[PDB]
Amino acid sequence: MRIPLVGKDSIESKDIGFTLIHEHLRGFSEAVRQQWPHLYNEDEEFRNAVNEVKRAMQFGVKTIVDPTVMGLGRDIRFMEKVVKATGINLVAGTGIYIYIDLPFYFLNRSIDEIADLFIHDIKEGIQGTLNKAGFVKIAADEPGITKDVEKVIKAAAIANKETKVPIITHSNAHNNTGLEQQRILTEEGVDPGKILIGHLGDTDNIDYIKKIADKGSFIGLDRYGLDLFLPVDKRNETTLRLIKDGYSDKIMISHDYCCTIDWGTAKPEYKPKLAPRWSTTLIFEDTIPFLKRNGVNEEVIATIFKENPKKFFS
């Protein structure tokens, strides 16, 4: 009974089944939602999340891993409601999503104190419930590895060493942050196979992606549908190249779809080809059909969506 599930008994990692490793039922900025609730509609967010999860389940998804944590509006009670309405296996996490500095709370606080928060969520439960965290989520982006970003990385390592839960990262695919996260974590004693370096699908720089995979970590081809980062076709070409080059056992695929997100995200670009529908099921409509008619067999699909998550959580 290794993996805790929101609203359910824990499961053995071998029973995780077909998994989407990086999806968000909902995201928001905690301070904005607290201060201006008039901007939000929880009933709509709930409806949208339930509908997305149901669609994923209709394609055979058994488990969704949701790396919404501090900074993205994690809400374990909202999550448990979606579980009750759908029956999905849902893995919640702990961690901190920042790009530059920690909240003012953390002034004069140690890396140990930060890790203690993560361990609290893993061992005791999230937000005053008995729903426990099954992984740690950390981030770095365009600002790089700042002092406070590094603190969070080292705290995640402590949590992994104490509880053995894996680590999912957010990185910027064009500035070495993913490579740096992997290096810092492994220097702290984290098993490379317990790390998913996120958002590498945002680049077609295959040498960079392979470098991280070759160092032992999973590679997150995890933003299918977000053309602003990289178009689906380019992603598909990169995914296919990696598969034919033998990297199936390191590849993890997801959409990073946010059923609701409060970010402005408002600047449209129209290409010759119709824009694909970003959702939690685009890979079933586009990517997986594309791979199969390019000779990718069922065993590859099982490796990516079943065996790799199983290993990650083992």
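Don't overthink the numbering: it's just position in the shown sequence, from 1.
For the segment pair 205-213 and 167-175, the entry gives 205-213 the higher mean B-factor, averaged over Cα atoms.
Mean C-alpha B-factor is higher over 270-278 than over the other stretch, the pair under comparison being 270-278 and 255-263. Within the selection 103, 225, 87, 93, the deposited Cα B-factor values reach their highest point at 225. Listed residues 232, 157, 197, 111 were ranked by CA B-factor as deposited; 232 comes out on top. The deposited CA B-factor of residue 119 belongs to the lowest third of values across its chain. Per the deposited record, the Cα B-factor of residue 146 falls in the middle third when ranked against the other modelled residues of its chain.
Ranked against the other modelled residues of its chain, the C-alpha B-factor of residue 246 as given in the entry falls in the highest third. Ranked within its chain, residue 6 lands in the lowest third, by CA B factor from the PDB record. Residue-level temperature factors show residue 289 in the highest third of its chain, judged at the C-alpha atom.
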